[PDB]
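This document starts with one chain, in the form deposited in one PDB entry, laid out as structure tokens.
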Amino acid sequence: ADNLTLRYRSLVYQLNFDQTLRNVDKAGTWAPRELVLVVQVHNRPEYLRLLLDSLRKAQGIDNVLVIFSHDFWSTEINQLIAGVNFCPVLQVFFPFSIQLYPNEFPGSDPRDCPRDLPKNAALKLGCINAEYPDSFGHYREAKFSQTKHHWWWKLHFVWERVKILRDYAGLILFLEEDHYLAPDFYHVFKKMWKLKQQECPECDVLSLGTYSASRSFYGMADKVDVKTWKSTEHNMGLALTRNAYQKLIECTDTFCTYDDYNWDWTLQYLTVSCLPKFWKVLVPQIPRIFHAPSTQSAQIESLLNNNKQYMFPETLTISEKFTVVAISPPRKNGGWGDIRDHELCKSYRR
């Protein structure tokens, strides 16, 4: 196996097996505790760089394992992550990416149906997926399937295949290359988790914040709310317990067959149609994560620097408890009718 794609497949298989942990003396007593970060990484190094900047400036994370999950191999991306010398780092690699399979499924096989070919013409052509369009009559485009595959694959991989997380008793926080973390996020996370155990038994997940940030943190920087988890508000910096993970992975067949190419809309469907109880989320009133890039980077940093006096709250408080009602997705977005995507997505659990 000599050409470039096969070299990348060999590296991926070996590195996922070896799981080289950077910046820890494996002879010592270190083990991941309380919080692990998992970052979904595609191919936007300029955004990954901002995220790495925010982790470098974050307080108290010298011992927090950060796992980077890649579906694109590049020297630029690997070199950005190799420069991280300040916390434990693991890189893992999605083994079914378009980069590794360019001209066959889950990339683009020449025998695949064109996106808009009508069904009768598709059947007459005999193209591979002619009997399996999505709900709107459209046939698969590989690039819109990859994000959902990667997300489910790495969910299972970090909770079940990462050796250093064997018998891990903390939470795992899922974020992306184009997020930016507030410097007190770990401080706030630990108090949120304690408040969850004291006051929100029915909460299954934690969020580091929604997309709405107030200009002044006054009166709100120490407050957290209990809410129905809503994909459009709480998909950024989502922290899972082992219990939420176990319930999710038992919903593999539903997640992998539901006809929506968005991982987070599919999760919304699981909350009303597969999970034993719909998700309630504990979430701060002031976000500790932001969505990103120089201008947009300084815009994040200016907001944080105006509110220095409010960061690192000494105690967090839950706001008034209201009835919360489960939320279903208002429609299916399609893009996920191809039975090969269903089958591959389901195989990750094995």
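Residues that one form lacks are left out of the comparison. Take the two forms, superpose them, and find the largest set of C-alpha atoms that agree within 1.5 Å; that set is the rigid core. All residue numbers refer to positions in the sequence shown, first residue = 1.
Only in words, not in the display: the form deposited in another entry, which the text now covers.
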Practice prompt. Pick out the one residue among 190, 223, 156, 119 whose C-alpha shifts by 2 Å or more between this form and the one not shown, once the rigid core is superposed.
Written response: 119
Worksheet entry | Cα displacement of residue 321 between this form and the one not shown reaching 2 Å, rigid core superposed | yes
Discussion item. In that other deposited form, the Cα separation between residue 266 and residue 323 changes by 3 Å or more relative to the shown form; did it shrink or grow?
Written reply: closer
Discussion item. Since the Cα-Cα distance for residue 228 and residue 322 shifts by 3 angstroms or more in that other deposited form, is it a contraction (closer) or an expansion (farther)?
Written reply: closer
Worksheet item: Do any runs of 3 or more residues shift their CA by 2 Å or more between this form and the one not shown on a core fit, and if so, which ones, in sequence order?
Response: 118-121, 123-125, 320-330
